[PDB]
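For reference, the structure discussed in these notes is given below.
Just follow the structure's listing: the first ligand is 1, and inside any ligand the first atom is 1. Sequence lines set the chain letters: A, B, ... in the order given, protein chains first and strands last, and positions in each chain run from 1.
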Number of protein chains: 2
Amino acid sequence: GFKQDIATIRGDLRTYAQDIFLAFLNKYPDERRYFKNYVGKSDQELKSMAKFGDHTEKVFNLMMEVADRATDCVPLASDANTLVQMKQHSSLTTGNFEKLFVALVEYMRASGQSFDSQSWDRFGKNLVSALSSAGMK
Amino acid sequence: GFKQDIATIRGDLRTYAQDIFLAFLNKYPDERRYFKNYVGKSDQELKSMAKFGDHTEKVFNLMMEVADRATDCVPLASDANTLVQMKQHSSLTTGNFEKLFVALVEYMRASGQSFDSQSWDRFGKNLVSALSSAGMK
Ligand code: HEM
Ligand code: HEM
Ligand SMILES: Oc1ccc(I)cc1
Ligand SMILES: Oc1ccc(I)cc1
């Protein structure tokens, strides 16, 4: 289920983080604009970039922490606030977060693994509602 | 579902509030110790006590608001905080609340209405979880 999924992703965090983030960037090309150093690079080129692996891993590490702290897939208000006031997120709207989770859910469904995709869909929706109440447009 | 259940209970609150608090007290006789004037009385006698009906209704008026304010059966941290800080609850532990929901879920399953008993069970567990986080033993 949801808790096992967190253990699965953490077990090979580097791999899952890179593949899911690329799935996100290629599904929503407009989103790459927020990462100027990823522009004009193929998937393999990015997988070779030290900063790419490190950053994506850090993004997913925090996502897993928030997911582990949640109750019944509902994130803590404090975690939502933390994501909203991070300077790196200053110019983001809930729309950007919805797209990430759509790509994440689609990735899980398309993989071979037995992820609890329904819970992740729920988690993403609840997280987006939480960002909204936290003041994100 | 859960949201419709809130509307159903609100539509005949006094009746539902009395029958369920009675179900609770009769399943757990020991819990009546927290309510001084309820010992040694039959159900019909309690229902004729103005104080019994007035307080049980107020208890359910608030319970429905907490449920209404919840996201995915997860109550707001602030509502959990209010319940723990209420002076009338200074001598309670999460066990008392757990028993109340066991009785409430049993009541719904035994009735003939189409209540979403599974959701109320989840709500009860998540609320107990929230009470513990708010400092209740
Ligand atoms: C709950 C989902 C998300 C989490 C947990 C998260 C987490 C993080 C973290 C921890 C960092 C700092 C990384 C470091 O230490 O270098 C970061 C940076 C950043 N995030 Fe997010 N993020 C999320 C969603 C998003 C979304 C949806 C966007 C917009 C497409 C976004 C855009 C950025 C940008 C532009 C940076 C700075 C760029 C960089 O480090 O190269 N994030 N994020
Ligand atoms: C989350 C479920 C509960 C809610 C929303 C709730 C709400 C309330 C409210 C609003 C009052 C004040 C009523 C007034 O104005 O007189 C009250 C009083 C009280 N509650 Fe609760 N309560 C809950 C659960 C419990 C439980 C589980 C117990 C013990 C098993 C309990 C014991 C009491 C007592 C002893 C009083 C004062 C006695 C009385 O008014 O006769 N409550 N509660
Ligand atoms: O560096 C990164 C990686 C993933 C996401 I999402 C945002 C920024
Ligand atoms: O007055 C009341 C009503 C319901 C419950 I539960 C406790 C006290």
Given that the side chain starts at C-beta and the backbone is N, CA, C, O, which of these parts of [X] lies under 4.0 Å from ligand 1, counting heavy atoms, or is it both or neither?
X      : value
A:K99  : neither
A:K51  : neither
A:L127 : side chain
A:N37  : neither

Where do B:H89 and B:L83 come nearest, in terms of heavy atoms and distance?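 Smallest heavy-atom distance, with atoms named: ND1-O, 2.7 Å.
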Which heavy atom of B:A70 sits nearest to which heavy atom of B:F123, and what is that distance?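 Shortest heavy-atom contact: CB-CE1, 4.3 Å.
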For [atom], which protein heavy atom lies nearest, and how many Å away is it?
atom                     : value
atom 3 (C) of ligand 1   : A:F97 CE2, 4.1 Å
atom 21 (Fe) of ligand 1 : A:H89 NE2, 2.5 Å
atom 1 (O) of ligand 3   : A:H55 CB, 3.3 Å
atom 15 (O) of ligand 1  : A:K58 CD, 3.5 Å
atom 31 (C) of ligand 1  : A:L92 CD1, 3.7 Å
atom 35 (C) of ligand 1  : A:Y34 O, 3.3 Å
atom 36 (C) of ligand 1  : A:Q88 CB, 3.7 Å
atom 11 (C) of ligand 1  : A:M86 CE, 3.5 Å
atom 38 (C) of ligand 1  : A:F35 CD2, 4.2 Å
atom 4 (C) of ligand 3   : A:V59 CG2, 3.1 Å

What I want to find out is whether [X] reaches [Y] closely enough, with some N-O distance under 4.0 Å, to be called a salt bridge.
X     : Y      : value
B:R33 : B:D30  : yes
A:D5  : A:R10  : no
A:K3  : A:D116 : no
B:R14 : B:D54  : yes

Can you confirm whether B:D72 sits close enough to A:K125 that some side-chain heavy atom of one is under 4.5 Å from a side-chain heavy atom of the other?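 With C-beta onward as the side chain, the pair stays apart.
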Contacting atoms of ligand 1, where contact means under 4.0 angstrom from a heavy atom of [X]:
X     : value
A:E31 : 30 (C)
A:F24 : 30 (C)
A:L83 : 1 (C), 5 (C)

Of all the heavy atoms in A:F60, does at least one lie under 4.0 Å from an atom in ligand 1?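 No; A:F60 lies far enough from ligand 1 that no heavy-atom distance drops under 4.0 Å.
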With a 4.0 Å cut-off on heavy atoms, does A:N61 reach ligand 1?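 It does not, in that no heavy atom of A:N61 comes within the 4.0 Å cut-off of ligand 1.
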Stepwise side-chain contact (heavy atoms from CB on, under 4.5 Å) test for B:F24 and B:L104: CA-CA 7 Å; B:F24 166 57; B:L104 181 33; over 6 Å; no
Between B:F52 and B:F21, what is the ring plane arrangement, given parallel below 30°, perpendicular above 60°, and tilted in between?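 Geometry flag for B:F21 against B:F52: tilted rings.
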Are A:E31 and A:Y34 close enough, and set up right, to give a side-chain contact (heavy atoms from CB on, under 4.5 Å), and what steps lead you there? CA-CA 6 Å; A:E31 301 295 326; A:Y34 296 108; 3.4 Å; yes
Please evaluate residues B:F115 and B:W120 with respect to the criterion ring pair (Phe, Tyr, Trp, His ring centres under 6.0 Å), reporting the C-alpha separation (whole Å), side-chain torsions for both, the decisive distance (0.1 Å), and the verdict. CA-CA 9 Å; B:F115 289 115; B:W120 287 94; 7.9 Å; no
Can you check whether A:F60 and A:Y16 have ring centres sitting under 6.0 Å from each other?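 No.
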Counting heavy atoms not belonging to A:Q118, are there more than 12 under 6.0 Å from its CD?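 Check fails, neighbour count at 12 or below.
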State whether the shortest distance between N or O atoms of A:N96 and N or O atoms of ligand 1 falls below 3.5 angstrom.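 There is no such contact.
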Using distance alone, decide if ligand 1 has a nitrogen or oxygen within less than 3.5 Å of any nitrogen or oxygen in A:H55.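 Indeed, backbone or side chain, A:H55 has an N or O that close.
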Using a 4.0 Å cutoff against the non-hydrogen atoms of B:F35, which atoms of ligand 4 qualify?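 Ligand 4 atoms under the 4.0 Å threshold to B:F35: 2 (C), 7 (C), 8 (C).
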Go through it in stages, so that I can follow the logic: the residues are B:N126 and B:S129, the test is side chain to side chain donor-acceptor pair (under 3.5 Å), and I'd like the CA-CA distance, side-chain angles, deciding distance and then a yes or no. CA-CA 5 Å; B:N126 294 335; B:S129 174; 5.8 Å; no
Going by the order shown, which atoms of ligand 3 are within less than 4.0 Å of some heavy atom of A:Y38?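 So the answer, numbered in order with elements, is 1 (O).
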